[PDB]
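Structure record follows, encoded as structure tokens.
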Amino acid sequence: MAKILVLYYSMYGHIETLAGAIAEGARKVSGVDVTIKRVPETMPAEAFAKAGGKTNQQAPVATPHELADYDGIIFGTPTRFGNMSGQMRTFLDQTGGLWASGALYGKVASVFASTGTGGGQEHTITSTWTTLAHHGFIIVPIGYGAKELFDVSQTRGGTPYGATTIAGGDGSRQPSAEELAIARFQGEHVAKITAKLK
Amino acid sequence: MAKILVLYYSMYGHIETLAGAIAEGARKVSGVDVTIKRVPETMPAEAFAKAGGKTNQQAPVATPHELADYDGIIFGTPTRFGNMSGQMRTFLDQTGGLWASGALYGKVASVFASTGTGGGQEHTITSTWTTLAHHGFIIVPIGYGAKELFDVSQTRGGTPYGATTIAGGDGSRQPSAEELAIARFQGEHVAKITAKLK
Amino acid sequence: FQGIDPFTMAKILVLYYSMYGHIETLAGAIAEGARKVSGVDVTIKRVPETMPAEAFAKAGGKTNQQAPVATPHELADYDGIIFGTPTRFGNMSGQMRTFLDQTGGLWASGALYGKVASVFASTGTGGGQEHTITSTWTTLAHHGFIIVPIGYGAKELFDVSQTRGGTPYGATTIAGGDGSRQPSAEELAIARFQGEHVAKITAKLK
Amino acid sequence: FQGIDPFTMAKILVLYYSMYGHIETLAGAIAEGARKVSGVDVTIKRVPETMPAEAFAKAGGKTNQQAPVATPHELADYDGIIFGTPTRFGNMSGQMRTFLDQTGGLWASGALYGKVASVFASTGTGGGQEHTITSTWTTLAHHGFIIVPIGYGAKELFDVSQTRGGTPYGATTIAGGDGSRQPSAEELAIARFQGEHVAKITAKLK
Ligand SMILES: [Cl-]
Ligand SMILES: [Cl-]
Ligand SMILES: [Cl-]
Ligand SMILES: [Cl-]
């Protein structure tokens with residue numbers, strides 16, 4: 001039995017939708033238990049409301065210290081100027097206690113992301129990899145295992161580093177079927193590796 | 001005539017000390033006005049106090065929209081697992097309004113950092129560059145203009161991407177004279193470029 | 001000279017490698033943008049081929065490129081250099097890497113220190129286009145180049161209605177897995193923007 | 001075979017380029033660590049030289065490497081590959097870049113998909129050692145390699161009393177601007193840790 005956490009932040013729902021597909025893929029691996037949780041909001045109340053932040057997410061809020069309860073963690077975040085979101089950064093800064101005891105060492109990790117225009121989607125993933133490496137995570141990219149990555153006929157997210165979605169500058173674009181298939185592939189892929197190492 | 005902001009976060013003082021050297025270098029350029037400010041704390045009170053956070057920093061707290069009041073900005077941050085600190089990330093996440101109007105486009109930017117063991121010092125700088133590029137900053141590395149970078153006889157911070165210091169895992173190491181000289185070089189180099197573009 | 005302040009031309013080199021022509025087309029747009037800046041002299045050159053002849057021929061490499069081949073030493077003759085390369089698995093091409101590996105002498109004398117640099121790229125499917133540029137930035141930083149991204153100055157970047165290259169780090173084009181895609185008008189406009197933007201900064205810094 | 005279930009050896013390739021021997025010494029330690037893991041077969045090979053003869057000789061290139069030269073196609077013969085390269089301005093060496101550019105056929109067939117990879121590096125002064133590793137990671141990701149950093153599993157990474165190589169991304173050594181430094185005992189311990197760590201994961205995934 002392997003336990004996977006799908007841990008995400010989502011302000012406008014795009015990452016939340018992708019996380020559902022990530023989790024669906026992971027659950028295809030027999031013997032893998034998948035939990036979806038989100039990191040707490042950090043914006044002050046007035047700014048958050050002014051920005052139209054959503055409060056309908058059913059996923060429970062995770063605590064920093066519980067990450068070591070899992071065998072693999074798939075991290076999801078919207079970009080903030082080519083980095084992970086401040087919400088995810090602040091959450092991961094609180095894992096110093098886990099880092100000092102080696103509590104996450106040798107566990108499996110993978111990353112998915114979203115952007116408004118595609119700009120920064122690659123760097124959001126690989127700069128999250130940096131933090132994973134300091135913890136000693138085994139890092140799983142997806143390469144071109146997802147056949148959708150070869151199709152450039154239409155605006156479509158997804159990179160060899162991990163699944164992505166493109167929300168549009170105004171957030172009007174919802175994740176496409178191809179993007180969700182890439183995320184489902186990533187989830188199952190990370191789950192086969194996590195189960196095999198357990 | 002030109003205004004430079006040295007904007008930093010410092011929890012244990014190492015970055016604050018480096019910022020003073022950064023500013024000293026910038027003030028060597030005639031006609032350049034240099035201001036030092038810090039980003040607000042984001043840690044909750046109990047964790048911050050339990051962590052031994054310092055409250056003696058004289059620099060005023062900056063606001064996100066004031067960044068456009070300057071012609072060049074030199075950013076300073078300790079690493080959090082190879083990224084900028086959550087404090088700096090959260091602060092810069094609030095610059096979306098400046099980004100939408102192009103308010104920082106074409107300004108000069110440079111970065112310095114600190115780490116406990118040296119690990120992640122390079123990636124802290126260049127993952128901050130990613131955010132600067134999304135704003136359209138002109139990005140200034142220092143290369144090997146600082147002669148101290150060739151001396152590897154002893155532990156010493158500083159990279160071709162920007163000045164750094166090494167604090168030790170317990171924070172007992174203070175910035176060396178060589179590290180501070182590299183920061184002084186960086187400050188003057190950035191200021192010269194900023195003044196020349198004005 | 002009595003009564004004269006010399007007016008010196010800022011010099012831009014567009015330096016590229018292109019196997020199937022996509023980067024070559026972009027470089028023309030980069031150069032077109034730079035030539036919009038008065039007082040800027042623009043040169044286009046390419047790096048030498050490094051593949052062995054049989055592999056190159058089997059891969060269908062193009063040999064009709066009119067641009068002269070640059071030498072590593074002449075990089076110091078310019079005030080700004082805009083580098084173009086196709087990706088190789090998310091890095092610059094081996095051809096460009098080999099060429100820049102020969103600039104150790106320029107590095108030791110600081111010959112490129114303080115010059116302006118910018119980067120554009122191409123990929124087959126989009127994968128690695130961002131990293132190709134920013135991992136080229138790393139080498140530029142070791143030389144002390146001032147690094148110029150383009151941000152979202154080009155309005156084309158906000159239009160996600162169709163497959164289109166162009167990043168805040170620099171212009172790109174998407175060639176298709178088989179290389180059958182040609183640079184679109186929008187991608188070329190992003191490259192024209194980059195050239196003019198870089199040329200303006202180089203001229204002002206001169 | 002009646003009553004027998006085959007025990008298959010996991011295979012590790014330590015693949016490196018070394019101009020002045022620093023990476024070569026590190027590769028020996030990498031391999032030593034891997035051979036500590038039972039059930040792992042360890043091979044050390046190098047990538048071919050790409051510099052022209054006169055430049056190579058003028059630069060003092062070493063010709064005493066006993067490691068046989070690898071071909072790009074044989075990478076698919078292994079379960080895990082630990083790559084070693086000196087930096088060239090914060091990237092992998094052109095020699096390694098040229099070698100990996102020839103793996104397009106393996107990439108198209110997915111021949112390296114799901115294998116284990118890890119990276120070690122060297123620099124003259126420390127500058128760019130982190131980016132050398134993580135920009136090599138990019139290429140590994142395009143092939144679908146599982147990427148293994150070392151984190152802070154090696155206790156030597158906490159000792160900042162002296163100039164020491166090694167990062168959470170992989171082992172490194174610092175050669176000095178003139179190349180006169182040799183890998184220290186601590187740096188070699190980190191490399192031995194990396195080899196054993198990668199070998200354990202490769203054996204478990206097999
Ligand atoms: Cl979102
Ligand atoms: Cl600090
Ligand atoms: Cl091309
Ligand atoms: Cl070497």
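Here, A, B, ... name the chains of the structure tokens in the order displayed, residue numbers run from 1 inside each chain, and ligands are numbered from 1 in the same displayed order.
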List all protein, DNA and RNA residues that have at least one atom no more than 10 Å from any atom of ligand 3, counting only C-alpha atoms and all ligand atoms, and write them as a PyMOL selection string. chain C and resi 16-26+61-62+84-87+93+121-124+173+175+179
Within 8 Å of chain A: residues of chain B, using only C-alpha atoms, as a list in words: residues 80, 81, 82, 83, 85, 86, 87, 89, 90, 93, 120, 123, 127, 130, 131, 132, 134 and 135 of chain B
Closest atom pairs, chain A residues within 6 Å of chain D, only C-alpha atoms, as a Markdown table:
```
| residue | atom | partner | partner_atom | distance |
| --- | --- | --- | --- | --- |
| A:133 | CA | D:149 | CA | 5.5 |
| A:134 | CA | D:151 | CA | 4.7 |
| A:135 | CA | D:151 | CA | 5.5 |
| A:136 | CA | D:151 | CA | 4.0 |
| A:138 | CA | D:148 | CA | 5.2 |
| A:139 | CA | D:147 | CA | 5.0 |
| A:140 | CA | D:146 | CA | 5.2 |
| A:141 | CA | D:141 | CA | 5.5 |
| A:142 | CA | D:144 | CA | 5.5 |
| A:143 | CA | D:144 | CA | 4.0 |
| A:160 | CA | D:142 | CA | 5.5 |
```
Give me a file of those residues, with N, CA and C atoms, as a compact mmCIF listing (two decimals), in the first residue's frame.
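Output saved as result_26.txt:
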```txt
# COMPACT_ATOMS: atom_id res chain seq x y z
N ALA A 133 14.61 19.00 -4.53
CA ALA A 133 15.96 18.45 -4.46
C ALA A 133 16.60 18.71 -3.10
N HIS A 134 16.35 19.88 -2.50
CA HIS A 134 16.92 20.17 -1.19
C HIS A 134 16.39 19.23 -0.13
N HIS A 135 15.17 18.71 -0.33
CA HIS A 135 14.58 17.69 0.53
C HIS A 135 15.00 16.28 0.16
N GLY A 136 15.72 16.11 -0.95
CA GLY A 136 16.08 14.77 -1.36
C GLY A 136 14.98 13.96 -2.00
N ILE A 138 12.98 12.12 -4.91
CA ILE A 138 13.15 11.60 -6.26
C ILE A 138 12.18 12.36 -7.15
N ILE A 139 12.70 12.98 -8.22
CA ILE A 139 11.93 13.90 -9.06
C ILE A 139 11.48 13.19 -10.33
N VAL A 140 10.18 13.26 -10.61
CA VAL A 140 9.62 12.55 -11.76
C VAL A 140 9.13 13.56 -12.79
N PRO A 141 9.82 13.74 -13.91
CA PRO A 141 9.22 14.42 -15.06
C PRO A 141 8.38 13.42 -15.84
N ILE A 142 7.65 13.91 -16.84
CA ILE A 142 6.85 13.01 -17.67
C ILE A 142 7.41 12.84 -19.06
N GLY A 143 8.42 13.62 -19.45
CA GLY A 143 8.94 13.47 -20.80
C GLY A 143 7.84 13.54 -21.84
N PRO A 160 7.27 18.44 -20.99
CA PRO A 160 7.95 17.19 -20.49
C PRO A 160 8.27 17.21 -19.00
```
Using only C-alpha atoms and all ligand atoms, what are the residues with an atom within 10 Å of ligand 2, set out as a ChimeraX atom specification? /B:8-18,53-54,76-79,85,113-116,165,167,171
Using only C-alpha atoms and a cut-off of 9 Å, which residues of chain D sit close to chain C? Please list them as JSON, numbers by chain. {"D": [50, 51, 88, 89, 90, 91, 92, 93, 94, 95, 96, 97, 98, 99, 100, 101, 127, 128, 131, 135, 136, 138, 139, 140, 141, 142, 143]}
Expected file: the selected residues, N, CA and C atoms, as a compact mmCIF listing (two decimals), in the first residue's frame:
```txt
# COMPACT_ATOMS: atom_id res chain seq x y z
N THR D 50 35.64 16.30 -28.82
CA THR D 50 35.16 17.04 -29.97
C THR D 50 36.03 18.22 -30.35
N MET D 51 36.94 18.65 -29.49
CA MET D 51 37.81 19.77 -29.82
C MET D 51 38.72 19.36 -30.98
N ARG D 88 30.93 24.44 -18.67
CA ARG D 88 31.34 25.45 -19.64
C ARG D 88 30.35 26.61 -19.44
N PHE D 89 30.77 27.60 -18.66
CA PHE D 89 29.97 28.79 -18.41
C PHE D 89 28.57 28.43 -17.93
N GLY D 90 28.50 27.50 -16.99
CA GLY D 90 27.23 27.19 -16.36
C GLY D 90 26.34 26.22 -17.09
N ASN D 91 26.82 25.64 -18.19
CA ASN D 91 26.18 24.54 -18.88
C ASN D 91 27.06 23.30 -18.79
N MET D 92 26.52 22.19 -19.28
CA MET D 92 27.34 21.03 -19.56
C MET D 92 28.37 21.37 -20.63
N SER D 93 29.43 20.56 -20.69
CA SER D 93 30.46 20.77 -21.71
C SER D 93 29.91 20.52 -23.11
N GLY D 94 30.46 21.23 -24.08
CA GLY D 94 30.10 20.96 -25.46
C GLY D 94 30.29 19.51 -25.85
N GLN D 95 31.30 18.85 -25.28
CA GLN D 95 31.50 17.43 -25.55
C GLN D 95 30.29 16.62 -25.13
N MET D 96 29.78 16.86 -23.91
CA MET D 96 28.59 16.15 -23.45
C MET D 96 27.36 16.57 -24.24
N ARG D 97 27.23 17.87 -24.54
CA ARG D 97 26.09 18.36 -25.32
C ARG D 97 26.05 17.70 -26.70
N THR D 98 27.20 17.64 -27.39
CA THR D 98 27.25 16.98 -28.69
C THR D 98 26.87 15.50 -28.58
N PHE D 99 27.37 14.82 -27.55
CA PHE D 99 27.04 13.41 -27.37
C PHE D 99 25.55 13.22 -27.19
N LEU D 100 24.93 14.02 -26.31
CA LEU D 100 23.51 13.85 -26.04
C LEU D 100 22.65 14.32 -27.20
N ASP D 101 23.15 15.25 -28.02
CA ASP D 101 22.41 15.62 -29.23
C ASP D 101 22.23 14.44 -30.17
N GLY D 127 31.65 28.79 -9.56
CA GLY D 127 30.66 29.47 -10.35
C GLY D 127 29.99 28.59 -11.37
N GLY D 128 28.67 28.46 -11.26
CA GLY D 128 27.88 27.71 -12.21
C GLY D 128 27.74 26.23 -11.92
N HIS D 131 23.92 25.20 -11.73
CA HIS D 131 23.23 25.25 -13.01
C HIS D 131 23.75 24.19 -13.99
N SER D 135 20.68 22.20 -15.43
CA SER D 135 20.46 22.33 -16.86
C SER D 135 20.72 21.01 -17.59
N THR D 136 21.50 20.10 -17.02
CA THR D 136 21.55 18.74 -17.54
C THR D 136 20.26 17.99 -17.22
N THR D 138 17.32 19.14 -17.34
CA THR D 138 16.36 19.47 -18.38
C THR D 138 16.39 18.43 -19.50
N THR D 139 17.59 18.13 -20.01
CA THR D 139 17.71 17.15 -21.08
C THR D 139 17.23 15.78 -20.62
N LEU D 140 17.56 15.41 -19.39
CA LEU D 140 17.10 14.12 -18.88
C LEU D 140 15.59 14.06 -18.84
N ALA D 141 14.94 15.18 -18.47
CA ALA D 141 13.49 15.22 -18.39
C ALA D 141 12.85 15.03 -19.76
N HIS D 142 13.46 15.58 -20.82
CA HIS D 142 12.92 15.39 -22.16
C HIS D 142 12.93 13.93 -22.57
N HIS D 143 13.87 13.14 -22.03
CA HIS D 143 13.93 11.70 -22.25
C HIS D 143 13.05 10.91 -21.28
```
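The interatomic distance for the pair CA of residue 184 in chain B and CA of residue 166 in chain B works out to 16.5 Å.
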Which residues are near residue 199 in chain C? Cut-off 9 Å, only C-alpha atoms, ignore same chain within fewer than 4 positions. Put them as JSON, numbers by chain. {"C": [10, 11, 12, 33, 34, 35, 36, 37, 40, 80, 194, 195, 203, 204]}
Can you check which residues of range 1-196 of chain C DSSP gives as strand (DSSP E or B) on the backbone and send them as JSON, numbers by chain? {"C": [10, 11, 12, 13, 14, 15, 16, 40, 41, 42, 43, 44, 45, 46, 69, 80, 81, 82, 83, 84, 85, 86, 87, 88, 91, 92, 116, 117, 118, 119, 120, 121, 122, 123, 146, 147, 167, 170, 172, 173, 174]}
Hey, what's within 12 Å of residue 155 in chain D if we count only C-alpha atoms and toss same-chain stuff fewer than 2 positions away? As a ChimeraX atom specification, please? /A:100,102 /B:117,169 /D:150-153,157-160,166-168,186-187,189-190,193
Can you write out the residues you just picked, keeping N, CA and C atoms, as a PDB file, in the first residue's frame?
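Written output follows (out-v6.pdb):
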```
ATOM      1  N   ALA A 100      15.254  18.945   8.370  1.00  0.00           N
ATOM      2  CA  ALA A 100      16.362  18.710   9.290  1.00  0.00           C
ATOM      3  C   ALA A 100      16.422  17.255   9.734  1.00  0.00           C
ATOM      4  N   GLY A 102      15.368  14.741   7.797  1.00  0.00           N
ATOM      5  CA  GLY A 102      15.369  13.905   6.616  1.00  0.00           C
ATOM      6  C   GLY A 102      14.055  13.211   6.361  1.00  0.00           C
TER       7      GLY A 102
ATOM      8  N   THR B 117      24.493  26.972   3.788  1.00  0.00           N
ATOM      9  CA  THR B 117      25.594  26.089   3.427  1.00  0.00           C
ATOM     10  C   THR B 117      26.113  26.316   2.019  1.00  0.00           C
ATOM     11  N   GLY B 169      25.148  26.540   8.816  1.00  0.00           N
ATOM     12  CA  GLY B 169      23.878  25.920   9.160  1.00  0.00           C
ATOM     13  C   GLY B 169      23.259  26.496  10.418  1.00  0.00           C
TER      14      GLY B 169
ATOM     15  N   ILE D 150      20.670  14.407  -4.500  1.00  0.00           N
ATOM     16  CA  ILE D 150      21.176  13.798  -3.274  1.00  0.00           C
ATOM     17  C   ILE D 150      20.726  14.513  -2.020  1.00  0.00           C
ATOM     18  N   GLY D 151      20.080  15.669  -2.134  1.00  0.00           N
ATOM     19  CA  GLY D 151      19.675  16.395  -0.945  1.00  0.00           C
ATOM     20  C   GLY D 151      20.845  16.612  -0.006  1.00  0.00           C
ATOM     21  N   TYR D 152      20.578  16.500   1.293  1.00  0.00           N
ATOM     22  CA  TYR D 152      21.613  16.622   2.314  1.00  0.00           C
ATOM     23  C   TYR D 152      21.841  15.304   3.058  1.00  0.00           C
ATOM     24  N   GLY D 153      21.786  14.202   2.307  1.00  0.00           N
ATOM     25  CA  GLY D 153      22.024  12.845   2.829  1.00  0.00           C
ATOM     26  C   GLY D 153      23.495  12.654   3.156  1.00  0.00           C
ATOM     27  N   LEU D 157      28.181  18.068   3.350  1.00  0.00           N
ATOM     28  CA  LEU D 157      27.518  19.275   2.784  1.00  0.00           C
ATOM     29  C   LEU D 157      27.257  20.343   3.858  1.00  0.00           C
ATOM     30  N   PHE D 158      27.133  19.972   5.136  1.00  0.00           N
ATOM     31  CA  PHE D 158      26.905  20.906   6.267  1.00  0.00           C
ATOM     32  C   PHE D 158      28.216  21.548   6.734  1.00  0.00           C
ATOM     33  N   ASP D 159      29.369  21.024   6.322  1.00  0.00           N
ATOM     34  CA  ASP D 159      30.642  21.552   6.787  1.00  0.00           C
ATOM     35  C   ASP D 159      31.090  22.635   5.811  1.00  0.00           C
ATOM     36  N   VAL D 160      30.985  23.910   6.219  1.00  0.00           N
ATOM     37  CA  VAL D 160      31.424  25.088   5.432  1.00  0.00           C
ATOM     38  C   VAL D 160      32.707  25.644   6.048  1.00  0.00           C
ATOM     39  N   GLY D 166      30.208  19.854  -3.899  1.00  0.00           N
ATOM     40  CA  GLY D 166      29.046  19.120  -3.444  1.00  0.00           C
ATOM     41  C   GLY D 166      27.856  20.025  -3.229  1.00  0.00           C
ATOM     42  N   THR D 167      26.699  19.644  -3.780  1.00  0.00           N
ATOM     43  CA  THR D 167      25.470  20.383  -3.705  1.00  0.00           C
ATOM     44  C   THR D 167      24.318  19.363  -3.465  1.00  0.00           C
ATOM     45  N   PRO D 168      23.171  19.824  -3.028  1.00  0.00           N
ATOM     46  CA  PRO D 168      22.000  18.895  -2.944  1.00  0.00           C
ATOM     47  C   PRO D 168      21.567  18.362  -4.301  1.00  0.00           C
ATOM     48  N   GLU D 186      36.470  15.004   1.363  1.00  0.00           N
ATOM     49  CA  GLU D 186      35.051  15.264   1.594  1.00  0.00           C
ATOM     50  C   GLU D 186      34.257  15.229   0.288  1.00  0.00           C
ATOM     51  N   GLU D 187      34.779  15.857  -0.769  1.00  0.00           N
ATOM     52  CA  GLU D 187      34.088  15.837  -2.055  1.00  0.00           C
ATOM     53  C   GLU D 187      33.935  14.406  -2.564  1.00  0.00           C
ATOM     54  N   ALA D 189      33.789  11.707  -0.723  1.00  0.00           N
ATOM     55  CA  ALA D 189      32.777  11.049   0.093  1.00  0.00           C
ATOM     56  C   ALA D 189      31.379  11.380  -0.406  1.00  0.00           C
ATOM     57  N   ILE D 190      31.154  12.629  -0.808  1.00  0.00           N
ATOM     58  CA  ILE D 190      29.848  13.000  -1.342  1.00  0.00           C
ATOM     59  C   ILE D 190      29.557  12.234  -2.627  1.00  0.00           C
ATOM     60  N   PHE D 193      28.649   8.726  -1.807  1.00  0.00           N
ATOM     61  CA  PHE D 193      27.263   8.714  -1.358  1.00  0.00           C
ATOM     62  C   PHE D 193      26.314   8.734  -2.554  1.00  0.00           C
TER      63      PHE D 193
END
```
So which one's closest to ligand 4, D:38, D:184, D:163, D:172? Using only C-alpha atoms and all ligand atoms, please. D:172
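Going from CA of residue 191 in chain B over to CA of residue 107 in chain B, you cover 11.6 Å.
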Do a neighbour search on range 26-33 of chain B at 7 Å with only C-alpha atoms, toss out local chain neighbours closer than 6 positions, and write the hits as a list in words. residues 1, 2, 3, 4, 187, 188, 191, 192 and 195 of chain B
Atoms to include: N, CA, C and O atoms. Write the selected residues as a PDB file, in the first residue's frame.
```pdb
ATOM      1  N   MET B   1      20.988  61.738 -12.803  1.00  0.00           N
ATOM      2  CA  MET B   1      20.022  61.724 -11.658  1.00  0.00           C
ATOM      3  C   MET B   1      19.230  60.416 -11.760  1.00  0.00           C
ATOM      4  O   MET B   1      18.588  60.152 -12.775  1.00  0.00           O
ATOM      5  N   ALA B   2      19.233  59.613 -10.699  1.00  0.00           N
ATOM      6  CA  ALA B   2      18.551  58.322 -10.749  1.00  0.00           C
ATOM      7  C   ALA B   2      18.411  57.762  -9.348  1.00  0.00           C
ATOM      8  O   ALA B   2      19.259  58.011  -8.488  1.00  0.00           O
ATOM      9  N   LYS B   3      17.314  57.031  -9.129  1.00  0.00           N
ATOM     10  CA  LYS B   3      16.961  56.462  -7.836  1.00  0.00           C
ATOM     11  C   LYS B   3      17.050  54.941  -7.884  1.00  0.00           C
ATOM     12  O   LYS B   3      16.462  54.298  -8.765  1.00  0.00           O
ATOM     13  N   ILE B   4      17.794  54.375  -6.944  1.00  0.00           N
ATOM     14  CA  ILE B   4      17.918  52.931  -6.797  1.00  0.00           C
ATOM     15  C   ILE B   4      17.307  52.535  -5.460  1.00  0.00           C
ATOM     16  O   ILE B   4      17.554  53.188  -4.442  1.00  0.00           O
ATOM     17  N   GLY B 187      26.750  46.646  -6.387  1.00  0.00           N
ATOM     18  CA  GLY B 187      25.976  47.867  -6.228  1.00  0.00           C
ATOM     19  C   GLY B 187      26.426  48.965  -7.174  1.00  0.00           C
ATOM     20  O   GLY B 187      25.605  49.630  -7.813  1.00  0.00           O
ATOM     21  N   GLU B 188      27.741  49.168  -7.270  1.00  0.00           N
ATOM     22  CA  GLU B 188      28.275  50.201  -8.152  1.00  0.00           C
ATOM     23  C   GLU B 188      28.034  49.854  -9.617  1.00  0.00           C
ATOM     24  O   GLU B 188      27.651  50.724 -10.404  1.00  0.00           O
ATOM     25  N   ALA B 191      24.429  50.495 -10.428  1.00  0.00           N
ATOM     26  CA  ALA B 191      24.141  51.925 -10.423  1.00  0.00           C
ATOM     27  C   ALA B 191      24.674  52.600 -11.679  1.00  0.00           C
ATOM     28  O   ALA B 191      24.010  53.474 -12.255  1.00  0.00           O
ATOM     29  N   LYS B 192      25.879  52.217 -12.109  1.00  0.00           N
ATOM     30  CA  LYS B 192      26.442  52.785 -13.329  1.00  0.00           C
ATOM     31  C   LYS B 192      25.526  52.516 -14.515  1.00  0.00           C
ATOM     32  O   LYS B 192      25.195  53.429 -15.284  1.00  0.00           O
ATOM     33  N   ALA B 195      22.276  54.631 -14.125  1.00  0.00           N
ATOM     34  CA  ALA B 195      22.483  56.041 -14.428  1.00  0.00           C
ATOM     35  C   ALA B 195      22.646  56.257 -15.920  1.00  0.00           C
ATOM     36  O   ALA B 195      22.132  57.234 -16.485  1.00  0.00           O
TER      37      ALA B 195
END
```
Among the residues of range 20-83 of chain D, find those DSSP assigns to helix (DSSP H, G or I) from the backbone and print them as a list in words. residues 22, 23, 24, 25, 26, 27, 28, 29, 30, 31, 32, 33, 34, 35, 53, 54, 55, 56, 57, 58, 72, 73, 74, 75, 76 and 77 of chain D
